[PDB]
Structures are given as C-alpha cells and as structure tokens.
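One chain follows as structure tokens, the form deposited in one PDB entry.
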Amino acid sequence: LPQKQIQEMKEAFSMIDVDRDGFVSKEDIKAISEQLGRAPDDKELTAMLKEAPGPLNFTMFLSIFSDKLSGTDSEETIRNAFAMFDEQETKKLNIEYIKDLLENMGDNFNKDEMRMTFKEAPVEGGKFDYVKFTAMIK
C-alpha cells in the first residue's frame, strides 16, 4: 500500500516506460534493460508481461508489484522472531547458531538457499546482524 512507495514506483514506471505511450510495452523493457545492463531475452521478456493480462498501465504496474510484496511479515515481526534466539538482547546472532537453525531445524534450508541467504548477509566478528539482515530481507 504505502504512499511513499506509490510515489517512487510511479517514478520508476517513468523510466521502464521508455516510449512515453504510458503502457509498459515489451520493446521498452528491452530498451531500458539494454540501457541498464545485460538484457534478459524473449523467454524472459515475453514472460514478464504475461504476468499482467491487459495493458501494462501504471495501475497494473502497482498491482502486480504488491500482489507479490504483500504476504510477508512486517519489520518488527521478523526481528522479534530472531530475538527469541538472542536472549541477552545483543542485537546480533552467532553465525553458526543461525546457520544451524536455518539449515537443520524446522523446515530446513538446503545448501543453495543457504548459499544465497548468506551471499549478502551482515557478518562481522563471527556475529550476524539480524536487525540489518532483516531491514535488507524486508
């Protein structure tokens, strides 16, 4: 929902849209993607706009982006949920504690989810900063 982001994602909608017709057309996604880095292809690019029946109006852009971001638990829940393991309130968690947790208990992570989860994670001094990782995840 948040207005802050309605106000940002409309700005982003202005660049993705290259030809100004007001609808993200496939040829714009290619054009901005060439203009940013290595483009996706057709397999992909066709498939992106086949996630929105009907014309990619700015309003359809908002929709799909929030019928995908809207599931997720909020900020303070994904942190109260890590502090359960952090009994002394040091707002960090030992890297092999959290890895043992995530990898082996509950609905275990597999080695790849594992590898991806810690590719960009906060670690320093053997400590995993979950207030930061949570901001990032979120």
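We number the residues from 1 along the sequence you see.
**Student:** Take the C-alpha B-factors listed in the entry for 93 to 101 and for 56 to 64, compute each mean, and give the stretch with the larger one.
**Tutor:** For C-alpha atoms only, the mean B-factor is higher in 56 to 64.
**Student:** Could you check the entry and say whether 128 to 136 or 4 to 12 has the higher mean CA B-factor?
**Tutor:** In the deposited entry, the stretch with the higher C-alpha B-factor mean is 4 to 12.
**Student:** Looking at the C-alpha B-factor values in the deposited entry, which of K50, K111, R79, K30 comes out highest?
**Tutor:** In this record, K111 carries the highest C-alpha B-factor of the candidates.
**Student:** Tell me which of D86, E34, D107, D42 tops the list for C-alpha B factor in the record.
**Tutor:** Highest C-alpha B-factor among the listed residues goes to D42.
**Student:** Would the CA B-factor of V24 place it in the lowest, middle or highest third of its chain?
**Tutor:** It falls in the middle third of the chain.
Below, we turn to the form deposited in another entry, even though it does not appear here.
**Student:** For the rigid parts turning against each other between this form and the one not shown, mark which of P53, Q88, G71, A47 is sitting at the hinge.
**Tutor:** Answer to the hinge question: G71.
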